[PDB]
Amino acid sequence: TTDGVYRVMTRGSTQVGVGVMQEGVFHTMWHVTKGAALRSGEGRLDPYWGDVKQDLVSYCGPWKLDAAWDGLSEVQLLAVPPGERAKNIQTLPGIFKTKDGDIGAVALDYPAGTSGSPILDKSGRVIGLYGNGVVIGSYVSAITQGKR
């Protein structure tokens, strides 16, 4: 329940992804859990909202993250790769240009178990999650943010 970034594990054990706990809601990407219930301690986190097109899912309540990239500043990926300590990677995002507007995108390539790691602005607010993107051989992840 505590605020923070979390690893998403499955059972040996394997880290399949990452998520963000904020205001009592766990946020991660749909392709990490497919909406399956999550265990935390002796408790169970049930899914509340999910959307395959946005590739997002929230547990225990509605999506709470609403900060956005300002389009000009450097951001930081708080990557939590499997078997490694949480680390911040600063970068200047590129841009996914779509017919429905522009989306920030980071040209950083980390192991698949890092999907769901938060991207932060300078104030420390989560502006999106890492792990849905395109290949240009170099992988580029959209900064995926939900709607609160």
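Throughout, we count residues from 1 along the sequence that is shown.
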Q | Missing coords for residue 24 in a third or more of other PDB entries | A | no
Q. Looking across the other entries that model both neighbours, is residue 131 missing in at least a third?
A. no
(Q) With respect to the deposited sequence, is there a break between residue 11 and residue 12 in this entry, and if so is it 1 to 3, 4 to 9, or 10 or more residues, or none at all? (A) 1 to 3
Q: Please work out which of 27-35 and 94-102 has the higher mean CA B-factor as recorded in the PDB entry.
A: 94-102
(Q) Mean Cα B factor from the PDB record: higher for 106-114, or higher for 83-91? (A) 83-91
Q: Tell me, please, which of 119, 68, 52, 65 has the highest C-alpha B factor according to the deposited entry?
A: 68
Q. Which one, 128, 137, 131, 17, has the peak C-alpha temperature factor per the PDB entry?
A. 137
Q. How does residue 72 rank on Cα B-factor within its chain, lowest, middle or highest third?
A. highest
(Q) Among the modelled residues of this chain, does the Cα B factor of residue 45 put it in the lowest, middle or highest third? (A) highest
